[PDB]
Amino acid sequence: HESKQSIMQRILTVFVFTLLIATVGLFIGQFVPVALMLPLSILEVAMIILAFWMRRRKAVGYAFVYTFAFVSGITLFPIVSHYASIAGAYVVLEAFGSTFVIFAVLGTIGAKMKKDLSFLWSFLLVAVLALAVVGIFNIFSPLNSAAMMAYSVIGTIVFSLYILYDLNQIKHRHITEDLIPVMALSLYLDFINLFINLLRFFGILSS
């Protein structure tokens, strides 16, 4: 017999693990040949689309989530490599740090606050869809410095709210132990998408 704590603690545990696993992949990704790396524009929007797509009421298993963490890690290297080659490698750690305290604070506030934030789902879902549209647009008609900057701020807001909203809904909704991987998967996609948005913002700002 589970409690709402053990369920939540297990989700946060898997989440931490996905982060580690991805980081392993990020290391390995530095060895992928140039002929096998995807364009920056495509990778960036890909993570948005996945964050929407993997946010389905379908239940997935741990094997899927950890493999997705490892392989996304590898493929997201060209992003880290780009914004570090225009602002210095220190901006990667800076972006990680901000993403970290943001998640840690908004996550905690979200998991303990009294109100039920369920009414945000439509606003949030429309927002990620708008981010995706601009991201697809960016592939065929590249945005300028101020535009990508403004975009990253919107994205920073949207996913910051998603971290708060997910930890809140994890508390309020009926979450059985079979929905543990997909909740962890979503939190991972929140984190990663918030990381990319912050990296692009601070990357551009330092050049």
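Throughout, rigid core stands for the largest set of C-alpha atoms superposing within 1.5 Å between the two forms. Residue numbers here begin at 1 and follow the sequence given.
Rigid core superposition in 4 other deposited structures of this protein puts the Cα atoms of one stretch, out of 150-158 and 39-47, farther from the shown form on average, and that stretch is 39-47. Of the two segments 56-64 and 164-172, the one whose CA positions lie farther from the displayed form in 4 other deposited structures of this protein, once all are superposed on the rigid core, is 56-64.
Per-stretch averaging of Cα B factors for 75-83 and 128-136 places 75-83 on top.
With 173-181 and 54-62 compared on mean CA B-factor from the PDB entry, the stretch scoring higher is 54-62.
Taking only the listed residues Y151, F159, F68, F31, the entry reports the highest CA temperature factor at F31. Among all modelled residues in this chain, the alpha-carbon of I109 has a temperature factor (C-alpha) in the highest third. Annotation for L205: CA B-factor lies in the highest third of the chain's modelled residues. In this PDB entry, the Cα temperature factor of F123 sits in the middle third of its chain's modelled residues. The PDB entry assigns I163 a C-alpha temperature factor belonging to the lowest third of its chain's modelled residues. Among the modelled residues of the chain, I49 sits in the middle third by CA temperature factor in this PDB entry.
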